[PDB]
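The data below hold one chain only, encoded as structure tokens and taken in the form solved without ligand ADP.
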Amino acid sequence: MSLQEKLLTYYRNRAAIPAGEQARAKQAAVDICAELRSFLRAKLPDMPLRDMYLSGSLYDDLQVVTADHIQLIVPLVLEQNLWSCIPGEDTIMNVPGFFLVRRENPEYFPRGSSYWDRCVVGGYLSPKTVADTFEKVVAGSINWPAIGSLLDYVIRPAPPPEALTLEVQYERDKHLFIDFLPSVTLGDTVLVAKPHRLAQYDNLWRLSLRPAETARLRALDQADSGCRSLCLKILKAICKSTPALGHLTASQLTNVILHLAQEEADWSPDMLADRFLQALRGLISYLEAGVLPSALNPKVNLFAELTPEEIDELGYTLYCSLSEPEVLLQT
């Protein structure tokens, strides 16, 4: 049979979402998203935000390759007057590519001049505070299954520390997750409050990379009708199924593939199996080294959040795969 054929087989059987189901999944998210606006259009203002949006509603599949959960961005509006963002590199700590947001010009515009002065601690805008002030609309200031009833789904938020995340069964067989993620844009630079992990103590703002990451990927495979996304989807599925490998994230996997695209031109369909093995060796190499640089921002190490016991486990599992990759398909 061969790896190629087995990989394709695993794709269709374990990894891929049927066109129909996918559409219905998109519908759910788009509907949930609509109604959450209707909840905040009533509740607010006070908090200054643009409309919530779902990334990337332009693609059907919705970027659930690159991935984790469907992402519901909530853009916080800030005065470009009153706020500068300081790179994590130039701290006061030392943590690329996270950023501190510094309250500027008390020198001019005293406290109370912004809504966002109520989420400052120590001269700096605080993703955790911001996330919290937020999380106490979610789990559960919402009249939750009243919107469940309206649309014929089950909508319940995961219990903390993911009160931001939501579970929705869209059909009876299947279920689906939606992340709320607060975002601020200060000039060129866009940031999200996905907390760091340790964060020292608590904590900095995270540079958003998923949308750029998914755009390169979309584009490369457009260029040459190549098999980069397919190869990624399969690694993602294997990692979702194989408990040892669960510690690996969408972003990590995505960046392994992007580095491999930098190194290899070919990605014709018949190259799947080789590129697949190379991703495994790439992973092993990045894990040995303890660093996976972001393809888009080489100073950022995506493996910096992994605990060393995780790295340990992953490396061993991958090391053992290499001679019989077939075993990864039967988890």
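Residue indices: 1-based, along the sequence shown. For the two forms, the rigid core is made up of the largest set of C-alpha atoms that agree within 1.5 Å on superposition.
Separately, the form solved in complex with ligand ADP exists; it is not shown, and the next lines address it.
Ligand-site call, ligand ADP overlaid in the bound PDB entry, backbone or C-beta contacts under 2.4 Å, 3+ atoms: Blocked, since after superposition 3 or more atoms of the placed ligand lie within 2.4 Å of the backbone or C-beta atoms.
The unique member of 27, 57, 297, 285 whose heavy atoms fall within 4.5 Å of ligand ADP in the bound PDB entry: In short, 57.
Contact residue in the bound PDB entry, from 192, 119, 186, 147 (heavy atom within 4.5 Å of ligand ADP): The option sitting close enough to the partner is 192.
Partner proximity in the bound PDB entry: residue 71 to ligand ADP, non-hydrogen atom cutoff 4.5 Å: Judged by the heavy-atom cut-off of 4.5 Å, residue 71 is in contact with ligand ADP in the bound PDB entry.
Non-hydrogen atom contact residue 208 with ligand ADP in the bound PDB entry at 4.5 angstroms: Result yes; residue 208 sits at the interface with ligand ADP in the bound PDB entry.
Ligand ADP contact in the bound PDB entry: residue 218, any heavy atom under 4.5 Å: Flag for residue 218 set to no.
Distance check, residue 230 to ligand ADP in the bound PDB entry, heavy atom within 4.5 Å: Taking the distances in the bound PDB entry, the answer for residue 230 is no, it never comes within 4.5 Å of ligand ADP.
Candidate stretches 165-173, 107-115, 71-79, 132-140 - the one whose heavy atoms come within 4.5 Å of ligand ADP in the bound PDB entry: Contact-bearing stretch, as computed: 71-79.
181, 236 and 250 each touching ligand ADP in the bound PDB entry (heavy atom, 4.5 Å): Yes, the whole trio is in contact, each within 4.5 Å by some heavy atom.
Entry of 250, 261, 139, 95 that shows, once the rigid core is matched between the shown form and the other one, a C-alpha shift of 2 Å or more: The listed residue whose C-alpha shifts by at least 2 Å is 139.
C-alpha of residue 281 moved at least 2 Å between the shown form and the other one on rigid core: Comparing forms between the shown form and the other one, the residue 281 CA shifts below 2 Å.
Is_shifted residue 213 between the shown form and the other one (CA, 2 Å cut-off, rigid core): No, its C-alpha moves less than 2 Å.
Large Cα shift (2 Å or above) at residue 55 between the shown form and the other one, core-fitted: Result for residue 55: yes, a 2 Å-plus shift.
Cα-Cα trend for residue 65 and residue 254, given that in the bound PDB entry the distance shifts by 3 Å or more: It is farther: in the bound PDB entry, the C-alpha atoms of residue 65 and residue 254 lie at least 3 Å more apart than they do here.
Inter-Cα distance between residue 67 and residue 76 in the bound PDB entry, nearer or further [3 Å or more]: Distance between the C-alphas of residue 76 and residue 67: longer in the bound PDB entry, by 3 Å or more.
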